[PDB]
Amino acid sequence: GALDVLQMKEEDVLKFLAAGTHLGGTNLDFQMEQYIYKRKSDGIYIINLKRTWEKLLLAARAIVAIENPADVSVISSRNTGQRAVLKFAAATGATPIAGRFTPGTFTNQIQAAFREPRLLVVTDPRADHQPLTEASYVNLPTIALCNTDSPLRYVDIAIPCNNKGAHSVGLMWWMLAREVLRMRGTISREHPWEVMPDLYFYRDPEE
RNA sequence: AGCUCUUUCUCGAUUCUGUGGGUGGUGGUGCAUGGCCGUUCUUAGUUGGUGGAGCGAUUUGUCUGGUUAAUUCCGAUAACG
Ligand SMILES: [Mg+2]
Ligand SMILES: [Mg+2]
Ligand SMILES: [Mg+2]
Ligand SMILES: [Mg+2]
Ligand SMILES: [Mg+2]
Ligand SMILES: [Mg+2]
Ligand SMILES: [Mg+2]
Ligand SMILES: [Mg+2]
Ligand SMILES: [Mg+2]
């Protein structure tokens, strides 16, 4: 937003640079060109943070406008985003899908997995292409976290970030939960949040 | 074989004559058919409902790979059941 209550604070830029979310890929595509600051001395692109923040608050403003919280289905297929989507759906009452997608869940009126969402959030356009291709049949908008080499086909609100590393992905889902819960009422601003981002990170099997 | 011929007793309305019409047939057609059987074919093969691809005949599901006597399973997965 244009305001000052919605502006990025110094405590969040440290969370960003600590998770590494500013660090892009090696290849750029001509649709993500407005989100890049400059290519490093070695071949890697820096993502502009102020632009990440504005696209993240636009996604939150798109999610808050849906009345029933339970038709904002969230999807992750890679192993890094499963815990994050499960915790995001818990914190704000969406319906998560981790693992395989079982094509036809959006367009098949027999299956027991058939639902009719009203939004669609997704971790990675290039790894969860089946939900996008199916959303392209039932008038279904889409929000997506994009790496610097993400194809922006059928996505409607791309959020630029490092999409590869587990810490980055969990931090982005945590911040998306923070800002929907903030502007819906609920956990009012001028307080830190009870949950720490590490509840949202990938497990990466332990000792 | 009263089959027929010579001869002339016996039976009793059941027949006989003619016209229609039936009846029977190990007669014809298995290239008019039912049913049964044999064989393709002793192997692992077949099919539709909703969804996806194609203008369409069609295709996916019914599979790269491993496994099994086996489309038997494990799995992979625009398919689900
Ligand atoms: Mg006859
Ligand atoms: Mg006969
Ligand atoms: Mg015959
Ligand atoms: Mg016959
Ligand atoms: Mg069809
Ligand atoms: Mg068609
Ligand atoms: Mg077939
Ligand atoms: Mg064998
Ligand atoms: Mg299986």
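Using the numbering of Swiss-Prot, the residues shown for chain A are 3-209, in order.
Placed from the backbone N, Cα and C atoms, the Cβ positions cover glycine too.
Per Swiss-Prot, the features are:
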MOD_RES   A:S43  phosphoserine
MOD_RES   A:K52  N6-acetyllysine
REGION    A:54-113  region 'Interaction with PPP1R16B'
MOD_RES   A:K89  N6-acetyllysine
CROSSLNK  A:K89  SUMO2 cross-link
MOD_RES   A:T97  phosphothreonine
REGION    A:161-180  region 'Laminin-binding'
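Counting only same-chain residues 6+ beyond the ends of the region 'Laminin-binding' (A:161-180), those with a CB under 8 A from a CB of the stretch are 14, 17-18, 20-27, 34, 37, 49-50, 53-54, 57-58, 61-62, 65, 82-83, 85-87, 89-90, 93-94, 123, 125-126, 145-150, 152, 189, 195, 197, 199-204, 206. The secondary structure of the residue listed as 'phosphoserine', as reduced to three states from DSSP, is coil rather than helix or strand. With the fewest other Cβ atoms inside 10 Å of its Cβ, the least crowded of the modified residues A:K52, A:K89 in this structure is A:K52. Sequence-distant contacts of the residue listed as 'phosphothreonine', defined by Cβ-Cβ distance under 8 angstroms and a gap of at least six in the same chain, are A:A72, A:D73, A:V74, A:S75, A:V76, A:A91, A:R117, A:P119. The region 'Interaction with PPP1R16B' (A:54-113): residue composition by secondary structure is 26 helix, 6 strand, 28 coil, according to DSSP. A:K52 (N6-acetyllysine) falls within a helix when secondary structure is assigned with DSSP. Helix, strand and coil counts under DSSP for the region 'Laminin-binding' (A:161-180) come to 13 helix, 2 strand, 5 coil.
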